[PDB]
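Structure first, commentary second.
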Number of protein chains: 2
Amino acid sequence: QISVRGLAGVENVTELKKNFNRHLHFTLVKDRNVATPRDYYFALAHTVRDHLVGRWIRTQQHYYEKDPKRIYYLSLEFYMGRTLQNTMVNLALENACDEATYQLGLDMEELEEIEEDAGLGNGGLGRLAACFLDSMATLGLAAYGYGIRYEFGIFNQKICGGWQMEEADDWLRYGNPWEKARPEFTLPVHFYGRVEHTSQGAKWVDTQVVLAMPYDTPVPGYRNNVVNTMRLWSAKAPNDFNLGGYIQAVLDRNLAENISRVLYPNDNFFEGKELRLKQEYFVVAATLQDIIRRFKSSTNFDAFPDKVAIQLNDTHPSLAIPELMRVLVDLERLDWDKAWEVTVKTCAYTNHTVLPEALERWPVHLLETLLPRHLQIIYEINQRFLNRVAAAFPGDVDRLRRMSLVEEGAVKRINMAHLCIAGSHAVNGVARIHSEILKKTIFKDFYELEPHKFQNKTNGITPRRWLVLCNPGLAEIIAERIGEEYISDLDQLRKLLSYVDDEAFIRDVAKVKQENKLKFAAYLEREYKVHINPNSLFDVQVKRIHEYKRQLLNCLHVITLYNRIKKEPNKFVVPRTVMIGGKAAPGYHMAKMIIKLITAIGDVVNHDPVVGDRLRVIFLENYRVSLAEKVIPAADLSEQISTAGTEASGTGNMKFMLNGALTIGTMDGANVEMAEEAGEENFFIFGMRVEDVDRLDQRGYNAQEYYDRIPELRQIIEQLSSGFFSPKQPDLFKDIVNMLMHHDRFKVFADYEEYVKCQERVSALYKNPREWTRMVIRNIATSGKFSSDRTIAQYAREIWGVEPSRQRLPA
Amino acid sequence: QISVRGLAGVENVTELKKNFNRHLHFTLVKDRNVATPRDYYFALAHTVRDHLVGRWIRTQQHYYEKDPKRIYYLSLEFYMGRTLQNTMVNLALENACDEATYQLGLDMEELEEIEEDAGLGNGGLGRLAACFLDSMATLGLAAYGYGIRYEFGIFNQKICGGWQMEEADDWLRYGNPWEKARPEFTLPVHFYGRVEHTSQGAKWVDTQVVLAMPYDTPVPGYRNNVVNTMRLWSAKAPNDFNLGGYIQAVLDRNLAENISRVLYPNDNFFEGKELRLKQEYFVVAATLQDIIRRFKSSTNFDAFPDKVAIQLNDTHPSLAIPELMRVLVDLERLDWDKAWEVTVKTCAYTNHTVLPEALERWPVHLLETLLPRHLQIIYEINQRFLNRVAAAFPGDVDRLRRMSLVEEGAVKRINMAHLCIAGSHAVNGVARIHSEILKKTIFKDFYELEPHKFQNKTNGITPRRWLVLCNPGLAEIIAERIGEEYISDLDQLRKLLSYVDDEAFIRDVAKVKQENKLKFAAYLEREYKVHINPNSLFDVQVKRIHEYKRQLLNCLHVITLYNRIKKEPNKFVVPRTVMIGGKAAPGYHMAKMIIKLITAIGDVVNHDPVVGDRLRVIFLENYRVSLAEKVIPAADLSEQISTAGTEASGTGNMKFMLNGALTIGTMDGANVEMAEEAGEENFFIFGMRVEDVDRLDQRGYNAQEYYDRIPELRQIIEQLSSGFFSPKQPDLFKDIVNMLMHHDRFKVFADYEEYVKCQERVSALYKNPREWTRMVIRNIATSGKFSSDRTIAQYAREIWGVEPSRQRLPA
Ligand SMILES: COc1ccc(/C=N/NC(=S)N[C@@H]2O[C@H](CO)[C@@H](O)[C@H](O)[C@H]2O)cc1
Ligand SMILES: COc1ccc(/C=N/NC(=S)N[C@@H]2O[C@H](CO)[C@@H](O)[C@H](O)[C@H]2O)cc1
Ligand SMILES: COc1ccc(/C=N/NC(=S)N[C@@H]2O[C@H](CO)[C@@H](O)[C@H](O)[C@H]2O)cc1
Ligand SMILES: COc1ccc(/C=N/NC(=S)N[C@@H]2O[C@H](CO)[C@@H](O)[C@H](O)[C@H]2O)cc1
């Protein structure tokens, strides 16, 4: 049907049809009389995956023969979403499969909806890993993603009586066609035990063993025939484990296997839970053995950093540093100084937040019991590091305690971020402002000691998933004017600037958005029985629920609009559909209250006859990658409204920009760079800058001052307090009011006035569809910088020391 | 190479080779450079299983169109062993696959050794289920085996310092190519809760739910294109199960899923363990819903018994009786009397033991908590049943308490055997003598009330696995003379009687045995580094370790032989290799002591220079189906030496008879019928008959009497007591001596003299190879009755009311 989806040739269509029928029969053991829609999905998935196999084998064979430097991306999260459409896109098979299935009497889009998301992440950090894997494959890098195969990913969110309920994400229930178990590469991982010091160095003995079994998932590059590997480890008990008493011993195998059972969803507050520590070591120990094995199958560890790069995605896999030291010193018998040099040159660390409560600070007593040898290595690293600090800054005793890897206090803790900086040759933030904040504030001491280590690598998103896949209509009208090359060279979108006055293009851009909005309005009614006005402005805020992200500020605006309508009912206002979605971490009470507030506002607003279809508030249940692919193309206004200095980058922001929504946002994270690329005139910027926040903190933030001077704000607080939004439980939102009034770390009131005024300017522009669309074109045209291909090319050149390549492998 | 293995045609060989290469590539993601032997096994398994699919779909389609009466064989055990060779045999693909793999540069026998046994059973009862499935498919019956998919089957046995150690049988570790998950037929199973009595009858409410997910395994008939199904249930938690606290709730899902985790190995002593009760209900509840669903997809439950037979394999699935009543009365709203009539006509029960400690007697308090509605139904069944007894035998109050389903005492218990008799239209024992013992002793009261219910169905074994597969050399020399028809009509082996004087045949039979012995002697040295004399008499006792099976009596003979050699070292004796193997239930202390005794005897005997190669004692580690397939063809003498009246049938006995070993045995179980078929002159019968045992019990068994009057026996006991077989732990075997002397339920001493004398007659015959072989021929020629095809034809005609068919389905 559409060009960017590839050719539907006679030979390929015929072959796809026959292979589909083969899989239905031999693989699924069904015929057409008894086959369920799920059977049809699986037959298609097997048919498509068959096309990856040869490319996968020859890519890995190529890496073996050429022996390039390998890149190992270590993450506890890979938020992959669905794989079927993405594989078709990268193989240029979409139109062929669409045709093939159509001729078989099936709707391929319906089949695509059957696939479970691989929800092996929480949000931004996990999705970044996934975009990065796509870009590394597209850029021809010899890259491997290494993580954990969680049996249960991020919970499915149900809303019951306006409240979040969590249910297990049993994503493997029906089997996963995208993985290949590799039990031949099973590796032992050690826990507990004790350290013996012999004449021949230290030895870690009397350990408990858990097996790490790898599962390989292909990562196809965009039409370059490259297929990289994501290897995820699963925990398995050894067969003599714990071996009535016999029955119990077999049942107890579960304890070992619990390591890979479930993804921790607490992205708000570091919890020093032993199981989480075990997960972190498990991935690191298995991965490092695999890396070392591959390196030896090329004695001379001097060449190790020439052949190996390890990227630590936050501090979660920070134990790689002392683990690499452990293997090099205890097992390979390298001297300390040489092992350290190798380690530093091998490892690099990416920081993803500045919020203190998210920083990993592991109790020493936990490490002492679980990983006794690693603790000793960490102490030794600390001593040698602090000796360097003392030599560089003689007599600066407070610097010594500030920089120590060991934090003294009630319970002694290890600061894993300090470990990561000490043991890495490169440390990067994820947007220019975030990287500057790292140098100026939280890692200032480290920057002063080793300024060469600190870099910026502004985040990006893959334009394959986040344009071609989710928004084929937009991809097509762009390709009609400028060709297909931009899909792997997103900077080419700049060429669209010469179409900003083009009447045909203006019309096409606006038409594609309208279609997307119609499609999404239909999705809502079908799957959720909720009815919306497709001519309204689609105002969307989707991302995890956090106080810093200020879904609450959005709520205040919504109530402001409702109150203004109720005050002057017969005045014209631009109709809006306000959509808010995202999961709250299960133990984060305030985030759970915020969800309940949003639904409670919806309950009042959506049933007020005077409002009509002029304002609708919808909570988007179970926000996840597959839902983002639907709502993002449909959005007009992207809400990116974190308090300046709190959102390290954001990546949702980039997705909306690429898909033709305008942005209302603070100068925070990557928003700054987005406004810089597009021009401030083409962005709806409001609110305190980082400097204004700092000024307010020095003086002291007094919320009462705002409450006292802003009558519209006072009214909303009175409504919340008195039970206007909770008639039967008048005090339901007392926690929210109290927080806003007395302990708001994120200064919701301070940005309220500017935000509301900025929103008025949004409504003004939307009244003029032609000027709205021209500004949209200026956003899409300047979104090129935010391709993860650019991001990965920078990591490659500036951190890993490898050159990317757009050259095809032979097919 | 050999004819009974089928044709190796050019077209088939070429196609097998290409499909093997296809699977290696697309299914296993390997090429020949990196492929492991396990990869080659899997490629072959996938290649073979492809040939089953069409036949499987059309068999099940055939059953749907013809709607024959369906047979449901309910068992907690299916001891299947390996599937690859068996599938090739039944599809006539063996020679073709051998050729195909040979041309690919692979040894197929080596590939076959890679497959794990499906060890989903303990011994005889589990293996019987497996032989029955093979025969039902071969006889064209619309039969389904229903059981549990244990994650862990019977433990692997390791011998460490002469002691049994158990390790988990993680048989699914590498995946199972012989199953297809069927998550679309997932069913809820209910536990706990309480009963409410409404106006509209009883209701079972507030239950906990566990999901039952089925996995289907094909059961191919012998060259008739029939492929039946074995459906095994796996336990899955529902997604809202139990839904920090979030993490724990996900981890707790294990509790629900533990139901199908492990096979109970305690075949010696009934343990009223709650988990075992849950397993029993789980299989019954899921199976009955599946049966009812299939029946409705044909209101009128009068036709239910015309379309459904349920065979209960022992009492383990006895809850089918009250479960069927529950569904019929509570859910379908049938009146009690009609529901009962349907139930009785549907269910039949097979008893497999008379040992009182093996009988299931569930504590009432367990059923009350776990299955409150079933307890009430059981009480009601009991009341109505006892009302019938009281009417038939007025005033016989002791009969009432003897026959009650409820046993009064310390803890009230339900006698599940009594439940099974009451609720079944047929009750059968498994050999003629066992069935007679049931009528005369343990179920005498029930027989008097309902004599028409009691039947015999003598056990059998499948001649596919137990001749063609394991002993192709023997199958071939038989086929050379009498054709191939005997493989599915084993009575045809009678034709071999006319070859008992045939010099060529005598030579061939003896040659095949010698080859088998050479092959097994080689297997031992390669896999276990143990060295044996292949010219010795192979004296084998393999079966689970139990006091009633009297491995101890065999031990006494072994020591007798050793002592006689030591007394007259320069006298000629027929060399023997005595092999004993079998697993002991983990909590069965005496059985564990017996294993240690056997190894301890081996330790003395095998290293005595005076003995030489004249006597060797070997403990066969990890006896299982795949090992039986190796040792049985190699055996000369089959030890079947249970105390008369204790072995219900035995089936190992039949395997040895079919494979050219002579039998030394008591007149117990099927041994009686074997001797009757072959002629007593062609069997080595010794020892007390059942009547002699009864006579001894009335008088009182005094072991001391034997010790006092038999000097050779006294010497052995003195040796055991003094520490001759345990120098460093002189009292190691004190438990064994004490048991033999003071509390031997199985009268080991009473059969000692006759056994030793009988063994002398065995040695005498073996000195004359020509006469040994002629007697062997007379055994093989009369083994026909013991085909499970005969057994199943009798169940079909006399219990299920269906006619078997040898007619091919079209291919
Ligand atoms: C290119 O992409 C792929 C990925 C996998 C394969 C081959 N895969 N081949 C097997 S046998 N895959 C198995 O499938 C099962 C699902 O039924 C999983 O449960 C199991 O973990 C997986 O190892 C082939 C190509
Ligand atoms: C215990 O379980 C967890 C789970 C998650 C976390 C931390 N999760 N951390 C995230 S999701 N960090 C995000 O990273 C994105 C990519 O750079 C940025 O765009 C974004 O600004 C930043 O907030 C911490 C602990
Ligand atoms: C005739 O005999 C058969 C049996 C099965 C099939 C098809 N089977 N097709 C699938 S996808 N089998 C899966 O394979 C996995 C092993 O990798 C198992 O873990 C899983 O339980 C099983 O459902 C086809 C024919
Ligand atoms: C708790 O776990 C268990 C496991 C097994 C059992 C009982 N297991 N019962 C057996 S294996 N019974 C055997 O049946 C064979 C077939 O008819 C007969 O040939 C044989 O004589 C008889 O002993 C009981 C409880």
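As a basis for the values below, the full set of heavy atoms in this structure was taken, side chains included, without hydrogen atoms, waters or symmetry mates. As the structure lists them, so they are numbered: ligands from 1, and atoms in each ligand from 1. Here is the naming used below: chain letters follow the sequence lines, and residue numbers restart at 1 for every chain.
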Practice item. Work out whether the distance between some heavy atom of A:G175 and some atom of ligand 3 is less than 4.0 Å. Key: no
Point to revise | B:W56 contact mode with ligand 3 (heavy-atom cut-off under 4.0 Å) | key: side chain
Review point. What residues sit with at least one heavy atom under 4.0 Å from ligand 4?
Key: B:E77, B:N122, B:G124, B:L125, B:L128, B:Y264, B:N266, B:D267, B:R276, B:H316, B:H352, B:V430, B:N459, B:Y548, B:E647, B:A648, B:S649, B:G650, B:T651
Practice item. Using the test ring pair (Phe, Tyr, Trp, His ring centres under 6.0 Å), find all partners of A:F42 that sit at least two apart in sequence or belong to another chain. Key: none
**Study point:** Check: B:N228 and B:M230 side chains under 4.5 Å, non-hydrogen atoms
**Key:** no
Point to revise | Euclidean distance, B:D314 CG relative to B:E77 CD, rounded to 0.5 Å | key: 9.5 Å
Check your understanding: Relative to ligand 3, is A:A181 under 4.0 angstrom through side chain, backbone, both or neither, heavy atoms considered?
Key -> neither
Practice item. Indicate yes or no for a side-chain donor-acceptor contact from B:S642 to the backbone of B:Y548 under 3.5 Å, with no hydrogens or angles considered. Key: no
Check your understanding: Looking at B:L52, which atoms of ligand 3 are within less than 4.0 Å of one of its heavy atoms?
Key -> 1 (C)
Check your understanding: Going by the order shown, which atoms of ligand 3 are within less than 4.0 Å of some heavy atom of B:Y215?
Key -> 21 (O)
Review point. Does at least one non-hydrogen atom of A:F42 fall below 4.0 angstrom from an atom of ligand 3?
Key: no
Revision key, fill the gap. Residues B:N653 and B:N671: closest non-hydrogen pair is OD1-OD1, 3.0 Å
Point to revise | Plane angle bin for A:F132 and A:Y73 - parallel if under 30°, tilted between 30 and 60°, otherwise perpendicular | key: perpendicular
Donor-acceptor pairs under 3.5 angstrom involving side-chain atoms of residues 266-273 of chain B: please list them, not counting sequence neighbours.
residue : atom : partner : partner atom : Å
B:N266  : ND2  : B:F269  : O            : 3.0
B:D267  : OD1  : B:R544  : NH2          : 3.3

Practice item. Just jot down the side chain to side chain contact (heavy atoms under 4.5 Å, CB included) partners of A:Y246, sequence neighbours excluded, or say none. Key: A:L243, A:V250, B:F155, B:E166, B:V262, B:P265, B:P586
